[PDB]
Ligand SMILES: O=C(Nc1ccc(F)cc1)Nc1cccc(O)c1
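Take a look at this one chain, the form solved without the named molecule, written out in structure tokens.
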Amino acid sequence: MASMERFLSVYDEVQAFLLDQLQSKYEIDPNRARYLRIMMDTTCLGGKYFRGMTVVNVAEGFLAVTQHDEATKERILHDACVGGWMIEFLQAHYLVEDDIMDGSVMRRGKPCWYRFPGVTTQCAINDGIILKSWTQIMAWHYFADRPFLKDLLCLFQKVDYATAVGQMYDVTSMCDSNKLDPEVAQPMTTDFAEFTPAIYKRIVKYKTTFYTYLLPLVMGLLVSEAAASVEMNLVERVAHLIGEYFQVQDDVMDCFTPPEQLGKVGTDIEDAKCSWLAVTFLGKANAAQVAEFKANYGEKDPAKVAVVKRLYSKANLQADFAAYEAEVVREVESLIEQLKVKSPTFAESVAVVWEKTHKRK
């Protein structure tokens, strides 16, 4: 079967396993099982599955050049699909909780989960907790007998933690660090001195690149029993580089992509986020432009938001993005060439991951 068709078929298996176990072992009633089935579908389905499919594609790459019985090929592909769904459910956890934390309105053209009438924040926070718990149930059940169980659970934990630390970096990025204090309401920065490329890169590395690129690539290696055959330092470097580019694209779209295509109204300017646009603007602005940015950034007022978008457009940030992109292309191609020394098959899988990232909306 097609890779995507296999991946979706495994979702139905995993869902049935989880819901059946709730019935047979957790005394759940049919109505609460239905609620959790709808929660799972609403929070986990409807994206592109590019993180989960990366696991599948990495595993497929090794299958083509490794001797295995057919039953083993089937096992490895099934494991890759389960591992991919672990990552999709982890993402679902962070989207549910982040939408609540940020007071977001829409996601993927539908209301955020907590805004469903029969959900509310009281249930949704716990639903997000359940989503991540399900990732561990998946691993312990499907990978019980597997040699990679330990390495996989350890990796998953370290990526989850990095991601939570990254979320802290992200939601506090508009405060001055020396003013951060649980006892004192956090004021927005006035000098924007911490809107720098290095600080931006730190925020992005932790908040998205570990779970969006490092985890799928390494999980693909683990379920293929192929990790020792690659230079892990290169995998890390290329995952963090591609992941940063992915987030830069997302930052630009938040500001300039029509809500109909974005699936939501972007509010990064109102929210005073340390976006690639803001950092890059401050890296080329003159004094008057900096002063105007400061007078308008981080406020809900639509007229102030429009002033910021006008500053961005007059600053020709398309040129900086093209320069950024060209440099990422250079560096990603270089890392792919290095991966070929030990792992020509894995290097090609990374080249496919990059092409998919580069060529996306």
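Start at 1 with the first residue shown and count on from there.
A second form of this protein, the form deposited with the named molecule bound, is not displayed here; the remarks below concern that form.
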{"property": "In the bound PDB entry, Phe143 touching the named molecule (heavy atom, 4.5 Å)", "result": "no"}
{"property": "is_contact(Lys201, the named molecule) in the bound PDB entry, heavy atom dist at most 4.5 Å", "result": "yes"}
{"property": "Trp276, heavy atom within 4.5 angstroms of the named molecule in the bound PDB entry", "result": "yes"}
{"property": "Heavy atom of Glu327 within 4.5 Å of the named molecule in the bound PDB entry", "result": "yes"}
{"property": "Heavy atom contacts to the named molecule in the bound PDB entry at 4.5 Å, residues of 225-255 in sequence order", "result": "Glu244"}
